[PDB]
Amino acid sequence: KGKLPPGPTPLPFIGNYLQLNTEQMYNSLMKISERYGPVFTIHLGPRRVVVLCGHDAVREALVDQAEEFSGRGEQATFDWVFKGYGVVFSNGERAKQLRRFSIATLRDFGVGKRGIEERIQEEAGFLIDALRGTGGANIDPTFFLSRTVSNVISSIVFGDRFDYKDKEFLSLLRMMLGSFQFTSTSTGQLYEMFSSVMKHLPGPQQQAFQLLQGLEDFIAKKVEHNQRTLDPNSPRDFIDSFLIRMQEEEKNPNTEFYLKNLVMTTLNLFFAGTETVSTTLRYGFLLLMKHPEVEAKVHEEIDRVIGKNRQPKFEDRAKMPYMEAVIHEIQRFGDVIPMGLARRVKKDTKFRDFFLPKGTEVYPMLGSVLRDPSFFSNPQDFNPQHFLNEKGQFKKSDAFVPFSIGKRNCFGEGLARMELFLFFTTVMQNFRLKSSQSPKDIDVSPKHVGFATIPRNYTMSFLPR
């Protein structure tokens, strides 16, 4: 045919807005999928987007045609601050340069290595201490968990951890959580469509912008302090590395290594390295209270493989298939980034006898892969067995795509995996969880779904084992 994928008919400017619910974007698009197939075109206001549903559609595009689908599309709320600068929301040579440098700098600062392992273990101990200080009292885990995750990437980017009592530290975390939650609301989803008007209008979007601006002002501040203390022979952190790279590139008029990219790349890492893991942890713990028998089984393995005295280390995962299945199932159930992060085609693309013009936006529906009925027996349930064979051994899935796949996939994946393993395991080793509520009545359905999947507010207690 050589045509754009089929889809419902758009109206000028508003696009397919009347055919969609902004409170439930994922459900809206999946419903439209039922009629037009797993590869269809939608109009998010003025934005023309090809939607890829289910495993085969997403993998075929994003891996089998990796280079063709490896452009970055928009996220309107985040583009408000980044403006195409920094590593995440950027394109071509910019994205290429920053991605290469960031991957390399994270390694030099210990990621994938012993150095960051020791850093995560130290921070996990500070979490345990904090959770003991609650004295088994009913509490909101939110910022306890976010504090601990954040201090890991903070270590890499700013040179050291924040004090848990730093009021500015909690301030930044509130900005992150707030901006994130916004993008998952119906207004955040409306904004994805009508940002041309809405960025200039009053509303909840303006407050979202203010939190993002806060985060920007704080990085800009940390950079200035690093510049006026810089030893160009001994970098303390990501910032100093980037500042040093900037010096070496000072006579290259076409460099990507300028101040704005430094500020934005550093914001990307601080944000990405905090909020997704945090959210996964919070959702994980509530999932576990809803399924206390899963927790029982987690406990059996921890006590057997690790025992009571030593701290979990990363290699313990090799001997711990049940824990590996549990964390996999949390990432699968939680589905933190349900519609991925928008890609776009780099040049004129043929895909499944559709034609996709250059610059075409693409929604890889990661949530529809994580729930694909061809890969999971009961996609709607929480069930570690999804990731286990008959002998109780860990079973990988091609449908396991929470970090996405292809050329612009998550490069924090390894860090994220190390953190989820060590934080989950050290908490579970030290505490049993208690809900303020009866396991029968715990609501594990999402509070919001949009750009992210946000779980419902809850309190709990950590009782010593």
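So that there is no doubt, residue numbering starts at 1 and follows the sequence shown.
- Note on 230-238 vs 206-214: mean CA B-factor is higher in 230-238.
- Comparing 121-129 with 251-259, the higher mean C-alpha B-factor in the PDB entry belongs to 251-259.
- In this structure the maximum Cα B-factor among 151, 383, 265, 142 is found at 383.
- Across 192, 293, 335, 329, the greatest Cα temperature factor reported in the deposited entry is at 293.
- Among all modelled residues in its chain, residue 20 ranks in the middle third by Cα B-factor.
- For residue 77, the recorded CA B-factor ranks within the lowest third of the chain. Only modelled residues enter the ranking.
- Per the PDB record, residue ranking by Cα B-factor puts residue 442 in the highest third of the chain.
- The deposited CA B-factor of residue 110 belongs to the middle third of values across its chain.
- Annotation for residue 344: C-alpha temperature factor in the middle third relative to the rest of the modelled chain, per the entry.
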